[PDB]
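First the structure, in the form of structure tokens, and then the observations on it.
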There are 4 protein chains.
Amino acid sequence: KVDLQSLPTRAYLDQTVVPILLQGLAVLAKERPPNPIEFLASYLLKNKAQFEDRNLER
Amino acid sequence: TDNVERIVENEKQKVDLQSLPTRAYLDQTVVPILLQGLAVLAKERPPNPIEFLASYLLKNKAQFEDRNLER
Amino acid sequence: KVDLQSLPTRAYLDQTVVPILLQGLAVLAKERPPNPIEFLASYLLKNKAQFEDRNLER
Amino acid sequence: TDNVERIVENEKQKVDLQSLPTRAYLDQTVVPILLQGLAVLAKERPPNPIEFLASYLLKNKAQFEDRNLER
């Protein structure tokens with residue numbers, strides 16, 4: 001009975017944050033804003049709804 | 001084999017964050033705090049991982065921001 | 001707790017020497033001096049102060 | 001895919017270091033010793049990396065200098 005808690009580290013990350021990070025990092029590299037960490041963190045929060053629970057968690 | 005990375009590509013004067021190649025730009029700005037946050041996230045495995053990672057960035061931004069090519 | 005010593009190879013180099021090298025290599029390619037290795041090494045030493053510790057080391 | 005590089009650009013007679021295209025010039029002069037030095041630097045991770053790399057160049061210049069289109 002595998003779930004998010006039991007997955008290997010890389011699989012866990014690939015299931016949860018890797019897709020939104022890939023998108024966000026690509027946007028960040030294009031924009032190059034004055035506050036990149038804040039920008040990325042903001043990006044995650046703004047776009048969370050489109051990426052959240054699209055994984056084993058269902 | 002790994003420490004071989006063509007930067008002769010990007011060079012083909014004054015270098016700042018805006019002019020850095022993509023990988024260098026990211027490595028200068030977010031990769032350190034991301035590496036730390038992703039490690040914390042993988043260990044905790046919280047119910048809201050995207051939110052948690054974003055919170056981690058915000059909470060630890062002060063220790064990582066401006067520690068790069070633009071002081 | 002990440003620091004310079006713990007960074008992946010490329011991130012380490014990007015944090016420490018890549019920016020000054022980019023600038024120096026561009027100057028070297030423009031000047032084409034009789035002693036290019038010496039010129040580049042000299043460039044690094046002369047401009048070190050403007051690039052040194054502008055990274056995680058702080 | 002990678003071994004495809006237009007030099008028909010640069011050709012459009014006697015070739016020396018001064019007339020080489022930028023990438024070729026760098027590859028002829030500093031890329032070898034830089035590749036070696038960057039590898040040594042990444043493995044050691046010293047307190048003064050720019051200084052260390054410059055020192056590496058100076059110390060090993062004799063094994064790399066003039067091993068190119070101009071003997």
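By convention in this document, the chains of the structure tokens carry letters A, B, ... by their order, each chain's residues are numbered from 1, and ligands are numbered from 1 in the order they are shown.
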### Query
Which parts of chain C does DSSP call helix (DSSP H, G or I) when run on the backbone here, written out as a PyMOL selection string?
chain C and resi 9-16+18-31+36-51
Least-squares Cα fit of chain A to chain C, output as a PDB file with N, CA and C atoms, in the first residue's frame:
```pdb
ATOM      1  N   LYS A   1      20.945  22.698   5.782  1.00  0.00           N
ATOM      2  CA  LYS A   1      21.900  23.800   5.870  1.00  0.00           C
ATOM      3  C   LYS A   1      22.906  23.782   4.728  1.00  0.00           C
ATOM      4  N   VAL A   2      22.544  24.386   3.601  1.00  0.00           N
ATOM      5  CA  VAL A   2      23.423  24.382   2.443  1.00  0.00           C
ATOM      6  C   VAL A   2      24.435  25.530   2.534  1.00  0.00           C
ATOM      7  N   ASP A   3      25.631  25.295   2.012  1.00  0.00           N
ATOM      8  CA  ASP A   3      26.632  26.348   1.913  1.00  0.00           C
ATOM      9  C   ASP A   3      27.461  26.064   0.682  1.00  0.00           C
ATOM     10  N   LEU A   4      28.525  26.833   0.482  1.00  0.00           N
ATOM     11  CA  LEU A   4      29.342  26.674  -0.718  1.00  0.00           C
ATOM     12  C   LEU A   4      29.903  25.265  -0.838  1.00  0.00           C
ATOM     13  N   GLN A   5      30.316  24.706   0.293  1.00  0.00           N
ATOM     14  CA  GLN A   5      30.933  23.387   0.337  1.00  0.00           C
ATOM     15  C   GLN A   5      29.965  22.277  -0.032  1.00  0.00           C
ATOM     16  N   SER A   6      28.675  22.523   0.156  1.00  0.00           N
ATOM     17  CA  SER A   6      27.685  21.481  -0.058  1.00  0.00           C
ATOM     18  C   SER A   6      26.998  21.570  -1.421  1.00  0.00           C
ATOM     19  N   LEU A   7      27.146  22.694  -2.115  1.00  0.00           N
ATOM     20  CA  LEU A   7      26.450  22.872  -3.386  1.00  0.00           C
ATOM     21  C   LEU A   7      26.881  21.858  -4.431  1.00  0.00           C
ATOM     22  N   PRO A   8      25.959  21.507  -5.341  1.00  0.00           N
ATOM     23  CA  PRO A   8      26.329  20.715  -6.516  1.00  0.00           C
ATOM     24  C   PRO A   8      27.432  21.435  -7.283  1.00  0.00           C
ATOM     25  N   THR A   9      28.219  20.691  -8.056  1.00  0.00           N
ATOM     26  CA  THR A   9      29.393  21.236  -8.734  1.00  0.00           C
ATOM     27  C   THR A   9      29.108  22.500  -9.538  1.00  0.00           C
ATOM     28  N   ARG A  10      28.121  22.430 -10.423  1.00  0.00           N
ATOM     29  CA  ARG A  10      27.786  23.554 -11.288  1.00  0.00           C
ATOM     30  C   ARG A  10      27.317  24.793 -10.513  1.00  0.00           C
ATOM     31  N   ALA A  11      26.512  24.572  -9.485  1.00  0.00           N
ATOM     32  CA  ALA A  11      26.046  25.642  -8.619  1.00  0.00           C
ATOM     33  C   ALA A  11      27.230  26.290  -7.906  1.00  0.00           C
ATOM     34  N   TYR A  12      28.146  25.465  -7.397  1.00  0.00           N
ATOM     35  CA  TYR A  12      29.366  25.995  -6.773  1.00  0.00           C
ATOM     36  C   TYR A  12      30.134  26.915  -7.715  1.00  0.00           C
ATOM     37  N   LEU A  13      30.430  26.424  -8.914  1.00  0.00           N
ATOM     38  CA  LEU A  13      31.159  27.220  -9.899  1.00  0.00           C
ATOM     39  C   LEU A  13      30.396  28.480 -10.290  1.00  0.00           C
ATOM     40  N   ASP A  14      29.077  28.347 -10.471  1.00  0.00           N
ATOM     41  CA  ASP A  14      28.230  29.495 -10.817  1.00  0.00           C
ATOM     42  C   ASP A  14      28.218  30.534  -9.704  1.00  0.00           C
ATOM     43  N   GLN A  15      28.328  30.073  -8.463  1.00  0.00           N
ATOM     44  CA  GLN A  15      28.433  30.978  -7.320  1.00  0.00           C
ATOM     45  C   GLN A  15      29.789  31.667  -7.170  1.00  0.00           C
ATOM     46  N   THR A  16      30.872  31.037  -7.629  1.00  0.00           N
ATOM     47  CA  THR A  16      32.197  31.541  -7.268  1.00  0.00           C
ATOM     48  C   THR A  16      32.963  32.194  -8.407  1.00  0.00           C
ATOM     49  N   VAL A  17      33.120  31.486  -9.534  1.00  0.00           N
ATOM     50  CA  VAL A  17      34.051  31.941 -10.560  1.00  0.00           C
ATOM     51  C   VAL A  17      33.427  32.204 -11.925  1.00  0.00           C
ATOM     52  N   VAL A  18      32.231  31.685 -12.153  1.00  0.00           N
ATOM     53  CA  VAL A  18      31.620  31.854 -13.462  1.00  0.00           C
ATOM     54  C   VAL A  18      31.394  33.330 -13.837  1.00  0.00           C
ATOM     55  N   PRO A  19      30.888  34.172 -12.904  1.00  0.00           N
ATOM     56  CA  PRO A  19      30.674  35.554 -13.373  1.00  0.00           C
ATOM     57  C   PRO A  19      31.968  36.293 -13.775  1.00  0.00           C
ATOM     58  N   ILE A  20      33.008  36.224 -12.953  1.00  0.00           N
ATOM     59  CA  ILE A  20      34.254  36.915 -13.296  1.00  0.00           C
ATOM     60  C   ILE A  20      34.877  36.280 -14.558  1.00  0.00           C
ATOM     61  N   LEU A  21      34.758  34.965 -14.719  1.00  0.00           N
ATOM     62  CA  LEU A  21      35.305  34.308 -15.920  1.00  0.00           C
ATOM     63  C   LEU A  21      34.595  34.793 -17.177  1.00  0.00           C
ATOM     64  N   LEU A  22      33.267  34.884 -17.122  1.00  0.00           N
ATOM     65  CA  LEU A  22      32.500  35.370 -18.263  1.00  0.00           C
ATOM     66  C   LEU A  22      33.006  36.746 -18.680  1.00  0.00           C
ATOM     67  N   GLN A  23      33.210  37.610 -17.694  1.00  0.00           N
ATOM     68  CA  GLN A  23      33.661  38.953 -17.988  1.00  0.00           C
ATOM     69  C   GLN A  23      35.083  38.898 -18.545  1.00  0.00           C
ATOM     70  N   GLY A  24      35.956  38.171 -17.863  1.00  0.00           N
ATOM     71  CA  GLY A  24      37.341  38.056 -18.297  1.00  0.00           C
ATOM     72  C   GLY A  24      37.518  37.417 -19.668  1.00  0.00           C
ATOM     73  N   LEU A  25      36.755  36.372 -19.931  1.00  0.00           N
ATOM     74  CA  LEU A  25      36.879  35.690 -21.208  1.00  0.00           C
ATOM     75  C   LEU A  25      36.420  36.610 -22.316  1.00  0.00           C
ATOM     76  N   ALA A  26      35.416  37.442 -22.033  1.00  0.00           N
ATOM     77  CA  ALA A  26      34.933  38.389 -23.033  1.00  0.00           C
ATOM     78  C   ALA A  26      36.004  39.439 -23.328  1.00  0.00           C
ATOM     79  N   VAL A  27      36.680  39.910 -22.285  1.00  0.00           N
ATOM     80  CA  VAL A  27      37.763  40.877 -22.454  1.00  0.00           C
ATOM     81  C   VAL A  27      38.932  40.232 -23.225  1.00  0.00           C
ATOM     82  N   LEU A  28      39.286  39.017 -22.834  1.00  0.00           N
ATOM     83  CA  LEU A  28      40.353  38.278 -23.501  1.00  0.00           C
ATOM     84  C   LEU A  28      40.067  38.066 -24.994  1.00  0.00           C
ATOM     85  N   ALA A  29      38.825  37.714 -25.330  1.00  0.00           N
ATOM     86  CA  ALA A  29      38.457  37.472 -26.725  1.00  0.00           C
ATOM     87  C   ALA A  29      38.498  38.752 -27.553  1.00  0.00           C
ATOM     88  N   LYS A  30      38.302  39.887 -26.887  1.00  0.00           N
ATOM     89  CA  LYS A  30      38.379  41.188 -27.538  1.00  0.00           C
ATOM     90  C   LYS A  30      39.825  41.642 -27.735  1.00  0.00           C
ATOM     91  N   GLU A  31      40.645  41.480 -26.700  1.00  0.00           N
ATOM     92  CA  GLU A  31      42.030  41.958 -26.732  1.00  0.00           C
ATOM     93  C   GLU A  31      42.951  41.060 -27.566  1.00  0.00           C
ATOM     94  N   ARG A  32      42.771  39.751 -27.427  1.00  0.00           N
ATOM     95  CA  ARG A  32      43.667  38.769 -28.034  1.00  0.00           C
ATOM     96  C   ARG A  32      45.145  39.099 -27.765  1.00  0.00           C
ATOM     97  N   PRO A  33      45.555  39.118 -26.488  1.00  0.00           N
ATOM     98  CA  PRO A  33      46.922  39.495 -26.106  1.00  0.00           C
ATOM     99  C   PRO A  33      47.921  38.385 -26.406  1.00  0.00           C
ATOM    100  N   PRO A  34      49.222  38.711 -26.441  1.00  0.00           N
ATOM    101  CA  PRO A  34      50.257  37.713 -26.749  1.00  0.00           C
ATOM    102  C   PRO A  34      50.329  36.561 -25.735  1.00  0.00           C
ATOM    103  N   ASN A  35      49.919  36.811 -24.495  1.00  0.00           N
ATOM    104  CA  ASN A  35      49.988  35.805 -23.441  1.00  0.00           C
ATOM    105  C   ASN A  35      48.619  35.633 -22.802  1.00  0.00           C
ATOM    106  N   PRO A  36      47.726  34.889 -23.480  1.00  0.00           N
ATOM    107  CA  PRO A  36      46.321  34.856 -23.067  1.00  0.00           C
ATOM    108  C   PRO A  36      46.081  34.198 -21.710  1.00  0.00           C
ATOM    109  N   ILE A  37      46.815  33.147 -21.369  1.00  0.00           N
ATOM    110  CA  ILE A  37      46.580  32.493 -20.089  1.00  0.00           C
ATOM    111  C   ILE A  37      46.998  33.444 -18.955  1.00  0.00           C
ATOM    112  N   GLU A  38      48.163  34.045 -19.118  1.00  0.00           N
ATOM    113  CA  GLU A  38      48.670  35.006 -18.154  1.00  0.00           C
ATOM    114  C   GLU A  38      47.714  36.188 -18.062  1.00  0.00           C
ATOM    115  N   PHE A  39      47.249  36.667 -19.208  1.00  0.00           N
ATOM    116  CA  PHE A  39      46.306  37.779 -19.235  1.00  0.00           C
ATOM    117  C   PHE A  39      45.032  37.454 -18.445  1.00  0.00           C
ATOM    118  N   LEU A  40      44.493  36.260 -18.637  1.00  0.00           N
ATOM    119  CA  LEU A  40      43.262  35.870 -17.955  1.00  0.00           C
ATOM    120  C   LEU A  40      43.511  35.740 -16.466  1.00  0.00           C
ATOM    121  N   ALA A  41      44.621  35.104 -16.107  1.00  0.00           N
ATOM    122  CA  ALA A  41      44.957  34.950 -14.700  1.00  0.00           C
ATOM    123  C   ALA A  41      45.122  36.324 -14.036  1.00  0.00           C
ATOM    124  N   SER A  42      45.796  37.230 -14.738  1.00  0.00           N
ATOM    125  CA  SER A  42      45.982  38.597 -14.266  1.00  0.00           C
ATOM    126  C   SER A  42      44.640  39.310 -14.107  1.00  0.00           C
ATOM    127  N   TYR A  43      43.754  39.094 -15.074  1.00  0.00           N
ATOM    128  CA  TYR A  43      42.419  39.690 -15.056  1.00  0.00           C
ATOM    129  C   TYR A  43      41.671  39.266 -13.800  1.00  0.00           C
ATOM    130  N   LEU A  44      41.776  37.984 -13.471  1.00  0.00           N
ATOM    131  CA  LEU A  44      41.090  37.446 -12.308  1.00  0.00           C
ATOM    132  C   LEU A  44      41.578  38.140 -11.042  1.00  0.00           C
ATOM    133  N   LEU A  45      42.896  38.217 -10.893  1.00  0.00           N
ATOM    134  CA  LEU A  45      43.489  38.868  -9.729  1.00  0.00           C
ATOM    135  C   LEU A  45      43.138  40.347  -9.650  1.00  0.00           C
ATOM    136  N   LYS A  46      43.180  41.051 -10.777  1.00  0.00           N
ATOM    137  CA  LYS A  46      42.905  42.493 -10.751  1.00  0.00           C
ATOM    138  C   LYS A  46      41.459  42.784 -10.381  1.00  0.00           C
ATOM    139  N   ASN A  47      40.533  41.953 -10.861  1.00  0.00           N
ATOM    140  CA  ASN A  47      39.107  42.252 -10.702  1.00  0.00           C
ATOM    141  C   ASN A  47      38.426  41.422  -9.611  1.00  0.00           C
ATOM    142  N   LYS A  48      39.214  40.595  -8.945  1.00  0.00           N
ATOM    143  CA  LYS A  48      38.779  39.779  -7.812  1.00  0.00           C
ATOM    144  C   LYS A  48      37.933  40.562  -6.797  1.00  0.00           C
ATOM    145  N   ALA A  49      38.394  41.750  -6.424  1.00  0.00           N
ATOM    146  CA  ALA A  49      37.716  42.542  -5.392  1.00  0.00           C
ATOM    147  C   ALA A  49      36.262  42.864  -5.733  1.00  0.00           C
ATOM    148  N   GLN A  50      35.958  43.008  -7.015  1.00  0.00           N
ATOM    149  CA  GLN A  50      34.599  43.343  -7.414  1.00  0.00           C
ATOM    150  C   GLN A  50      33.688  42.122  -7.498  1.00  0.00           C
ATOM    151  N   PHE A  51      34.257  40.922  -7.398  1.00  0.00           N
ATOM    152  CA  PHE A  51      33.479  39.690  -7.551  1.00  0.00           C
ATOM    153  C   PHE A  51      33.540  38.774  -6.336  1.00  0.00           C
ATOM    154  N   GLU A  52      34.568  38.962  -5.517  1.00  0.00           N
ATOM    155  CA  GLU A  52      34.822  38.104  -4.371  1.00  0.00           C
ATOM    156  C   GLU A  52      33.690  38.137  -3.340  1.00  0.00           C
ATOM    157  N   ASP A  53      33.372  36.964  -2.795  1.00  0.00           N
ATOM    158  CA  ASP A  53      32.378  36.794  -1.729  1.00  0.00           C
ATOM    159  C   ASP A  53      30.989  37.389  -2.026  1.00  0.00           C
ATOM    160  N   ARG A  54      30.683  37.626  -3.297  1.00  0.00           N
ATOM    161  CA  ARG A  54      29.346  38.065  -3.671  1.00  0.00           C
ATOM    162  C   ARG A  54      28.484  36.841  -3.939  1.00  0.00           C
ATOM    163  N   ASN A  55      28.316  36.040  -2.896  1.00  0.00           N
ATOM    164  CA  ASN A  55      27.727  34.722  -3.002  1.00  0.00           C
ATOM    165  C   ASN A  55      27.251  34.275  -1.628  1.00  0.00           C
ATOM    166  N   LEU A  56      27.035  32.981  -1.456  1.00  0.00           N
ATOM    167  CA  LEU A  56      26.632  32.441  -0.162  1.00  0.00           C
ATOM    168  C   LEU A  56      27.593  32.764   0.982  1.00  0.00           C
ATOM    169  N   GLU A  57      28.879  32.910   0.668  1.00  0.00           N
ATOM    170  CA  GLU A  57      29.912  33.106   1.684  1.00  0.00           C
ATOM    171  C   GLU A  57      29.691  34.381   2.491  1.00  0.00           C
ATOM    172  N   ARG A  58      29.243  35.436   1.811  1.00  0.00           N
ATOM    173  CA  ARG A  58      28.915  36.715   2.446  1.00  0.00           C
ATOM    174  C   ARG A  58      30.084  37.261   3.268  1.00  0.00           C
TER     175      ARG A  58
END
```
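Remark: for chain D, the closest of the candidate residues B:8, B:58, B:24, B:40 is B:8 (distances computed over only C-alpha atoms).
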### Query
Within 7 Å of chain C, which residues of chain D show up when using only C-alpha atoms, listed as a PyMOL selection string?
chain D and resi 18+22+26+29-30+42+45+49-51+54+57-58+61
Could you make a table, as CSV, of the residues of chain B that have an atom within 10 Å of an atom of chain D, each with its nearest atom pair and distance in Å to one decimal, counting only C-alpha atoms, in chain and number order?
```
residue,atom,partner,partner_atom,distance
B:1,CA,D:39,CA,9.0
B:2,CA,D:39,CA,8.3
B:3,CA,D:39,CA,5.2
B:4,CA,D:35,CA,6.1
B:5,CA,D:35,CA,8.1
B:6,CA,D:31,CA,8.9
B:7,CA,D:31,CA,9.6
B:8,CA,D:23,CA,6.3
B:9,CA,D:23,CA,7.6
B:11,CA,D:23,CA,8.7
B:12,CA,D:22,CA,6.5
```
### Task
One decimal, Å: what's the distance from atom CA of residue 28 of chain B over to atom CA of residue 60 of chain B, could you say?
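So the answer is 15.8 Å.
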### Query
What is the atom CA of residue 53 of chain D-atom CA of residue 70 of chain D distance in Å, reported with one decimal?
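So the two atoms, atom CA of residue 53 of chain D and atom CA of residue 70 of chain D, lie 24.6 Å apart.
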